[PDB]
Amino acid sequence: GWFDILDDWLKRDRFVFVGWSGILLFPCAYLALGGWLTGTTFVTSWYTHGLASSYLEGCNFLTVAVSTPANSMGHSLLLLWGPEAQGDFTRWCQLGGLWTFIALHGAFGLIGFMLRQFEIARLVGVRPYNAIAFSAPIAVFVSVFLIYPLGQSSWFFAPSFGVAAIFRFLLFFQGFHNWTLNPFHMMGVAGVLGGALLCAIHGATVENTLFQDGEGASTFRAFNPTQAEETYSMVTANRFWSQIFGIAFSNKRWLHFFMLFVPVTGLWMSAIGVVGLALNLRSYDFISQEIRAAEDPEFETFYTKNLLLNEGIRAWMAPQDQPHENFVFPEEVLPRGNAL
Amino acid sequence: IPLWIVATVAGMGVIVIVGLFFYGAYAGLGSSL
Amino acid sequence: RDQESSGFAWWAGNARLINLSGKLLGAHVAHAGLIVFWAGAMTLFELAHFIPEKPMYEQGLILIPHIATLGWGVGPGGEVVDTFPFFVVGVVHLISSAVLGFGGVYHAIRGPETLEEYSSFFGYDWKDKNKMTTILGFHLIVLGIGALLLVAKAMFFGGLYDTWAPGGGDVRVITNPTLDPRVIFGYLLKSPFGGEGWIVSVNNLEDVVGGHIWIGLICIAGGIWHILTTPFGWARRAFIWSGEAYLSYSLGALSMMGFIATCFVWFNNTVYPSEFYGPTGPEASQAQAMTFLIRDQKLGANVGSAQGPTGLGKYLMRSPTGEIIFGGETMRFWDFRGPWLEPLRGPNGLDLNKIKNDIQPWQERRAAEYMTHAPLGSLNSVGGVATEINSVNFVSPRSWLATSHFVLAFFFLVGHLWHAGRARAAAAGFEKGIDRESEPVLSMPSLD
Amino acid sequence: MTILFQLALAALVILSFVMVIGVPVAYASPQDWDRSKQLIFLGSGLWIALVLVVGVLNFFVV
Amino acid sequence: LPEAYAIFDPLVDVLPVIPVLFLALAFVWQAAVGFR
Amino acid sequence: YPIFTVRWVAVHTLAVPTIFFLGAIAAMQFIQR
Amino acid sequence: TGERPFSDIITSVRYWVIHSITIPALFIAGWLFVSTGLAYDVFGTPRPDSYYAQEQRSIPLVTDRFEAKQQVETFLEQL
Amino acid sequence: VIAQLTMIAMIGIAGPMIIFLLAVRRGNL
Amino acid sequence: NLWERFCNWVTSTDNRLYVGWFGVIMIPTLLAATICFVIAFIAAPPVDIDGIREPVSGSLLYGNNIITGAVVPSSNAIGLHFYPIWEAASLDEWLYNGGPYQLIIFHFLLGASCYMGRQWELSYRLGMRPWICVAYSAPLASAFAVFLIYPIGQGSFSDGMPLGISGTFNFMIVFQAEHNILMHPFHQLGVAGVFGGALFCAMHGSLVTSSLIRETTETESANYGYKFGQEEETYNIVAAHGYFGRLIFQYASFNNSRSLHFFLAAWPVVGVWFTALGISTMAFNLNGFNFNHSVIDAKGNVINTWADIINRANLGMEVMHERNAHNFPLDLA
């Protein structure tokens, strides 16, 4: 049958494995990456944001970006053949059509990559945990690049694909959402930092508990991929941390599973937080402290001090960050401390 | 053709095209001048 | 010279020179050449881009201010009168790098692989405690002599630049260096915290010259000591005696010295004259309070009774111990001392009457100059805070010097930790991993 | 004066560029080099001379 | 610089970078011998 | 040995446009406002 | 494996006979793509003299969705 | 002005040239 | 004698928690800092951190929760001055001027420094390799940066990171305004360190979990397939390599476990090292890239980029932070 014949070629043992997923993955991923490189080099953002965002305009690697469509576009798909671009490639790039081009092909690209993980794992004969662990980066991309702007007024307030544009996304969430105060991001931070901790503490432990399986100072030559014995001492590693830290791993399987659980869970928690923020359902305030502060002008915490900062960010960044609102703030209404 | 020659030539070519970009940051567009 | 025979990979290839005195000698001399090379090439570079009438700290110079501090090519106020001494220093250092570069290469790729059977005097063994202290002694004497060169320069050959010189900064000959051990070693016993500042707080050239006199004689005497003596019993049992172990001891030393240098160039304005390096952090901040005190007082403001938003004095307030200080956020910098501000300083701190009547235009010029040249700049050299727009191309030399030598000091601390840990393991015999068959833990009683 | 100064200074640069390449090649050289400590001693003693010459002729041109 | 040494102005603006090239030269020599 | 493969296409799909872009960006460094 | 080693190809004469022309030409192609000003018109990217009108301070911002293409064209005619 | 570029040319190639010369001569590399 | 018996117990490898000579200093300093921290976090009165007689409440009893609670840094009037308990006329004065903060961070940094040295010590007592303490130097350096180095460069312990959740945030926000840390490569390397670290953590964890050799049944946990102290590996590194080696391509995968785990250690430690140095170098005001008004049109008009939008945000933080502390137009300290 033609299907089994095509199947044979798709999962051929070549340099770059293709597979049935490859039909979805490789084109979508290529158009996502290639779209970003095309946009940060030539395409502008002058009509959508009133900003320069390409190398052609004089931006560098940090300031270039494929910027989001204008707020007037709403949650439009902004297809090239759509009612907005009307088949005009030039106008398409000017209306921010590249953003929805990268976000969408990138979305199906992530699907194709995870499907690749499932497909290869089945062929090799291993368990699909690497695929399962990849569900968190997907949850992050979907919640932030898709769900969040879907909750808001348009694609405009989604992240623009750029280094500085992402930094702007961070500061926006502070001033408007007070995103740091949110217990879901806090758990996300503990997942990332906790993961980096585990990553560093496991790699250093293994390297410093190695058995001597050679006589070279460079101990990398003393390992063989087909050996049966362990390359490092679990018993010695266990006693070290038991005396140093109090507790220690004694099971290699639970250990590596824990290295899966911690960062995956963390990114899943932060995704839940963003989904809330899509509806401006934030952890912005503590009511008990606002009541106290409003009644007692001598009550001050680091919480109240941060709110003053957020109000500053909002009033000072909005007229240029949201040009479609046509904000005009006279100098006298601007929130300012003394002197500064 | 020795690989170390290929890697070195390509390596020097990488440095040149990058040094041109840092050069470009101080002249023309993106120079703030 | 490969991994199978030496036991080291290519990324650790310089660790093959541990027991090869000959090639190792060539390595150090060649690296020394690189040092003297840069010291000369950069000098010539700085001089090539140098503009006489334009301040040194506005031209991104670090080496020329060092030469200038020694009294070469400068005059009253730190003004450049002759660029020729800068040229000599750059040329001589540069030419010498060819000499060190010649023997560095010779001793490395064709000099005897080992010095031990070319010469018993030059040949050495890392574990020979007598030979090591002797070499330590020789180089101790060399360091002692170098310290006396600074003394000789300051007392016999022109002198140094005194930023505290009467009538304004000028080159001054030090005739009475401080020999008092209550002063010299008094610095060494000072607190590293605010108001004290350890040895960083040295504010006169007399203490500097007199200090280098002490450390000069101490290194020479110490040099003679370690040459004639052999390590005592308590010292032999305390340290690890090997090539890598000695390296780690020096890595910890340079790391400490790196951190000390970082604080010197950032806080001290005596050995690092503000006329050359630009104002210090504390200095610039105090100058702003100085600048607007003068401006407002000219408008008719009584700066002594001017209450601020918080209730504290807007221009003038008190330190925790009662000293009259500059108000505002600069209250933290009330331990700053500079020749442009001390004329206004009385027994209880800032004298308001001296402030009202005795402030001179040169003080007003210097204040505005140092205020607008505060050590705040971006990585791409945009002067001012982060929110400042592109216009001024300026980052203070103090920032470059403080940041660079902190990065180096920290990494050399890591170097100390890395090379000392391995030196312990190697000398004990388990740096290559645990012997599968004498696993020490398995012979230990369970923790629970 | 300048006629001799700049010549000795330009030759010092050229000689150095030869020495920079020549010396390490001559050392790492298996055969072929009874040939060359003559030229090592050649350029070396000639290098020191030019340095002094330019160093002396400097005060007559600046 | 003195006007007599204005000849080597382009040469002077290159000299400081030379030490860094020695670090890169070590990799060339190692690549030449195939990282033994 | 095969000259043209799937790996071959996979390379040039990134390789060819990369050099094109690198030439373009290099030319951008000589733009005056 | 199955495919020819990269180290074998990039160190072969036949490779560099080809890529001594292909690589520089594509570099030239990209160069000409910008120097001819083709890049500007293809992607509609504003030239240094095409951002504001001579006496204009306002951003040509797209305010409508279905008349977006017409609005930009209006901006392009005015500028 | 591009005497600039001529200096870094000869200086920059001076390093690898030694390696190339010691290779064709099969020296002690 | 009873001195070497003391030295034997101190360096004893048979204690439930290893003491050691580093631990001789570590234990009292950590206990002093911990005890003081717990007490201060709950009951300490408001602290005039900015030295402007504007006390900030940080403890639970004075109107805080776990999130808003903090041990407030010492006064700006103090600056870098060493301020122990015996340098105050009373404990009431000591608490008002941010006394506890100094006692905590000083005993902590010393205890934490000895903690690192202690790690080498036990590793040397157990015949291990000693570079575990090197990996710990990265978070330790980060601690020194926000508690010591940055206060030194800025000239005040009031600008040190507060010991509190919300206080930490305040430290971060003000930092961005005055240094543009996001546009600094060292923090970007640090983000790459922790993002990459988390990635490689989840990566190595999932690939080993997938290669676990079947030793258990359907009705029991797979973790029981590994018994503590066994000599043979519990997973198939060859199968793992063949999976990941096909996920990307073969030579992008590690076949050497020792080389693999070294990469797992190297990447985050190096990344955190730089972000530690980032805070440490920005302590001397070597700030992140300033690309404000970098793009200009033919006439001269400023064509904004995303950096200009970032700048507008920094302006908001700048003019609002410490709203009563500044009397002069420039923020130098």
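Structural remarks
Here the chain labels run A, B, C, D, E, F, G, H and I in written order, and each chain numbers its own residues starting at 1.
One rule holds for everything that comes next: a contact is a pair of C-beta atoms (placed from the backbone, for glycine too) under 8 Å apart; a residue touches a chain by one contact, two chains touch by 3 or more.
If you take chain E and chain F together, the chains in touch with both are B. Comparing the CA-atom centres of all chains against that of chain D, the greatest distance is found for A.
Among the chains, the centre nearest to the mean of all shown protein C-alpha atoms is found for I. Rounded to whole angstrom, the centroid-to-centroid distance between chain F and chain G, based on C-alpha atoms, equals 13 Å.
Here the CA centre of chain A is 43 Å from the CA centre of chain C.
Rounded to a whole number, the gap between the C-alpha centres of chain C and chain H is 36 angstrom.
Residue positions 14-16, 46, 50, 56-60, 209-210, 219-220, 222, 229, 235-236, 239, 242-243, 338 of chain A each touch two or more of the other chains. Touching two or more other chains at once are residues 2-3, 8, 21, 25, 28-32 of chain B. Chain C has residues 3, 84, 109, 309, 380, 390, 430-431, 433-434, 439-441, 444, 447 in contact with two or more other chains.
The part of chain A that touches chain G in the complex is made up of residues 13-15, 42-44, 46-48, 50, 54, 56-57, 70, 72-74, 76, 83-86, 88-91, 93-95, 323-324. Residues 2, 5-6, 9-10, 13, 58, 61-62 of chain D touch chain E in their complex. Residues 5-7, 10, 13, 17, 21, 24-25, 28, 31 of chain F are the ones that touch chain A when the two sit in their complex. Interface residues of chain I, counted against chain F in their complex, comprise 296-298.
On the chain E side of its complex with chain H, the touching residues are 10-11, 13-14, 17-18, 21-22, 24-25, 28-29, 32-33.
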